[PDB]
Each structure stands twice: as structure tokens, then as C-alpha cells.
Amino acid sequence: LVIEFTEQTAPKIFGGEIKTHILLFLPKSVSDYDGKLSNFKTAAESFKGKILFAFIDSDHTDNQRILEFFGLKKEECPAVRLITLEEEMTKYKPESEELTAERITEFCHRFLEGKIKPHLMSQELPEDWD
């Protein structure tokens, strides 16, 4: 499954058992939105129970704190960031901006294989997110 990450769903997303998340920041106005989402959903199927797939509508005004927290501006999306919470917060970036199921899947495999450069996030999780 792929869930929508909003402020309303953030607790449900970080308050779970899985502590690896991939986040697709996808402007709802992007060309072929359903296409990009489908690709992300297809990729999700390969990582059930290992990586939780979530998407953020980066166009949505109430998602501004979420954007800012993960270091992104609206004009920089669509973008993917993989986050680990076991146990200091760490952010990982794909090699390419390409958002195909194959490239998202490879990103995730590379991360599991320990191939991706880590980037500590020094901000504490918002109180709201649990």
C-alpha cells in the first residue's frame, strides 16, 4: 500500500513499527499525476514490510511544514527522499530525478544494500508527528 502523508496522517505514519519510509513529494498539478503515483505504487509492492511508501501533495498549502522539514520547496518537486527513524533521523537521496517504477525500485534496493549516502537531519520531529 501507499498512504498519503499529511499533517493529519503524520502520527499514523511515524507512530508505526516500520521505521524506514520512502516519501514521494508529488505536486498534484504535475503532468500525468496518476501515472507517477501508479509507478510509486508498483515499486511499493516489492518492499512490503521493509519500506513504507507515502506520498505528499506538494501543491497543498497545509503540507508547507512537511516540505520545509524535509528540505524541499514546491518548485523542486516531484522528488523522492527515503527516511530512516531507527533511530536518529536520516535522509537519503536517489541518484536520478527519474520517477519510473524501475528507478524508484533500484533506489530502494541500493538503500537496502547500504549504497546510498546518508544525510543526518538535525531537526527534531514535530511534537505533532508523535
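The first residue of the shown sequence is 1; numbering continues from there.
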item: Per the entry, higher mean C-alpha B factor between 61 to 69 and 94 to 102; value: 94 to 102
item: Stretch exceeding the other in mean C-alpha B-factor - 109 to 117, 10 to 18; value: 10 to 18
item: Assigned third (lowest, middle, highest) for the C-alpha B factor of residue 30; value: middle
item: Assigned third (lowest, middle, highest) for the C-alpha B factor of residue 85; value: highest
